[PDB]
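One chain follows as structure tokens, the form deposited in one PDB entry.
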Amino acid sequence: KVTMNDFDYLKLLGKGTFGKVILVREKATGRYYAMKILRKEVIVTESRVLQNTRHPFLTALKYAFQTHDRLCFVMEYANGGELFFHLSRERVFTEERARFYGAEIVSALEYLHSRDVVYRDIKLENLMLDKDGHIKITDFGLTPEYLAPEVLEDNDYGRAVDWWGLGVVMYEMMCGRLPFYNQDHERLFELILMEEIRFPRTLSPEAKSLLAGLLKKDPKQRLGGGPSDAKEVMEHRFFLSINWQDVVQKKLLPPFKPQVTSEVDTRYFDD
């Protein structure tokens, strides 16, 4: 049975209206985890559900305990640094690079949607890299919100919004900026809903096909909003060189390899 006293405090990873996430070290194993702490007072789609859903690119929930007035979920912390950090350093990624990350993400969501689970949070901030350069969908915000249009209009969080999530995340990695990075900001509601998303000219006709598909303002017409769900996305022109079995297998070679010795190498824990 884990407990508060089993860990050492390192840093604040994120706060919120739900609670906070802390970086800690299990004193026994010396390992590093991210302790998500929730006020019982404030408050189940994250608990149990996300606790038993294991998967190569989804963050694993190591221990789950509770204090007298808070819920604690100790989770595995990827130490390859967050994508956002990496993307900003390179301004943009190779259409292959995007393709790479996109596929591991697409693998994570095919799995989730199969367990009838809608992620809701596919977005750059929630993306890190493990010590081998593989992607890790983290459960928290380490930025203008880009809620799916059907979320903005009908508060409908169906399977589809994860694809949009993918889409917005993949419009950034390859384009280096959000679809409306310039235009004011209070205009997103109107923009995301009624504004055609423009694509750089320097885009491979397939990538431009993908983005357009992942960003259809109609979930019913979105690439992946089809009754076949992920298949549509796994089978899009942009994803040919894709060996979907190698992905879940952590077989593909990470195109960029974070610079850490062991998972205890705590360098990506600053800025």
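For every residue, the number given is its place in the sequence shown, counted from 1. By rigid core we mean the largest C-alpha set that fits within 1.5 Å across both forms.
Heads up, the form deposited in another entry isn't pictured, but that's what we're talking about next.
The Cα position of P254 differs by less than 2 Å between this form and the one not shown after fitting on the rigid core.
Relative to the superposed rigid core, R31 undergoes a CA displacement of at least 2 Å between this form and the one not shown. When the rigid core is held fixed, the Cα atom of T94 travels less than 2 angstroms between this form and the one not shown.
An increase of at least 3 Å in the separation of the C-alpha atoms of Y157 and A60 is found in the other entry, compared with the displayed form. In the other entry, the CA atoms of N182 and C175 sit farther apart than in the displayed form, by at least 3 angstroms.
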